[PDB]
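Below, chains carry the letters A, B, ... as their sequence lines are ordered, and counting in each starts from 1. Numbering of ligands and ligand atoms starts at 1, following listing order. When reading the values below, keep in mind they use all heavy atoms of this one structure, side chains included, and skip hydrogens, waters and symmetry mates.
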6 protein chains.
Amino acid sequence: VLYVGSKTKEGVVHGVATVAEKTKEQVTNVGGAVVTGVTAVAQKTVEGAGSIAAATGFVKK
Amino acid sequence: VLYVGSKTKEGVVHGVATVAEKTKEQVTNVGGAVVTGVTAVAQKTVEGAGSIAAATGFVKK
Amino acid sequence: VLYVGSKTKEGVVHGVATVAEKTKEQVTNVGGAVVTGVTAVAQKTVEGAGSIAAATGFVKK
Amino acid sequence: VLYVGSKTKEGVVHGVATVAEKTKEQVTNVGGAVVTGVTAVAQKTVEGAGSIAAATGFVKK
Amino acid sequence: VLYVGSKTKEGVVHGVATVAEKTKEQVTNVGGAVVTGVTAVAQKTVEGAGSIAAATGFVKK
Amino acid sequence: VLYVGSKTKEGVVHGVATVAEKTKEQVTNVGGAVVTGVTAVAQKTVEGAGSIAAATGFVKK
Ligand SMILES: CNc1ccc(-c2nc3ccc(O)cc3s2)cc1
Ligand SMILES: CNc1ccc(-c2nc3ccc(O)cc3s2)cc1
């Protein structure tokens, strides 16, 4: 009943240096799902299902 | 009943330096889902399902 | 009953330097969904489903 | 007698991403020379003495 | 007599990502020479003495 | 007499990622020479004395 947050950090990314020399990149998706190339990403959920880089499947019923 | 937030951080990205030399990039999607190239992204949800870079599937019923 | 926020940050992006030298970029979508090239994006939801870069599927019923 | 330059590069800087978060910077020079903070600099000399960031001395005769 | 340069590179810097989080920087020079903080610098000399970041001395005669 | 350079590289720096978290930096020079903090530097000399980060001495005569 006296919660005290201070200087806290949650789902935090900082201080990222990145060099990506690539002569070629290619995704050839044929009918499917694909996720590629996530970098320096931060989420924070409450009462929820939190996905960052999901390759979810073809739901059939 | 005396919640105190201070200097808190949640779903936070900061201080990102990025160099991307690429002679070619290509996504050849044929009928499918694709997500590519997410960088320095921040979310924060409450009472919700939070996805960042999802490749969700073809819902069929 | 005495909530106190101060200097808080939520879904925040700051201090991003980005160089992207690319001789060619190409998305050849044929009938599908595609999301590409998200950079320095910030969201904040309450009582809602928050997606950032979703490749959602062809809902059929 | 048939010199051929092509796509050459000399004294060249390119593709530099830089983030500099600093809460304080200070140079307190008292009577002296100082050089600070050179970034992404390019020179090219011919028949000459080329200095980039020199702290040269008090010439006395 | 048939010199052929092609795609050559000389004194070249490229593709540098740098993050510098510093709570304090300070140079307290008292009567002397100082050089600090050179980053991503490129020179090219011909028939000359080339210095990049010299701390040269007090010439006396 | 048929010199052929091609795709050569000389005094070349490339593809450098650097993160420098420092709570304090300080140079307290009292009457002397100092060189500090050289990063990603490239030189190329011909018929000359080439110094990069010299701490040269007090020439007296
Ligand atoms: C399950 N994760 C979760 C996170 C956070 C919470 C709550 N945060 C607050 C803030 C103020 C207030 O008057 C009521 C509430 S309830 C509840 C659940
Ligand atoms: C000692 N380092 C050195 C480097 C280079 C050279 C020369 N480069 C060229 C280019 C063209 C030309 O007609 C004459 C010359 S001489 C000489 C000496």
Judged by modelled atom types alone, do B/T28 and B/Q26 share a side-chain donor-acceptor pair under 3.5 Å?
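Yes.
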What I want to check is whether the side chains of B/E10 and B/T8 have a donor and an acceptor closer together than 3.5 Å.
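Note: B/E10 and B/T8 side chains miss the donor-acceptor criterion.
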Can a donor-acceptor pair be found, under 3.5 Å and without considering hydrogens, that links the side chain of A/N29 to the backbone of B/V27?
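Between the backbone of B/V27 and the side chain of A/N29 there is no qualifying donor-acceptor contact (under 3.5 Å).
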Nearest neighbour in protein (non-hydrogen) for atom 11 (C) of ligand 1
C/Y3 CD1, 4.2 Å
Given C/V1, A/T45, A/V46, which one has a non-hydrogen atom that is nearest to atom 1 (C) of ligand 1?
A/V46
Taking [atom] as the reference point, report whether a protein heavy atom occurs under 4.0 Å from it.
{"atom": "atom 18 (C) of ligand 1", "answer": "yes"}
{"atom": "atom 3 (C) of ligand 1", "answer": "yes"}
{"atom": "atom 14 (C) of ligand 2", "answer": "no"}
{"atom": "atom 7 (C) of ligand 2", "answer": "no"}

Would E/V35 and E/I52 show up in the same hydrophobic cluster when neighbours are defined by side-chain heavy atoms closer than 4.5 Å?
yes
I want to check something: taking the side chain as every heavy atom from C-beta on, are F/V41 and F/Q43 in contact at a cut-off of under 4.5 Å?
no
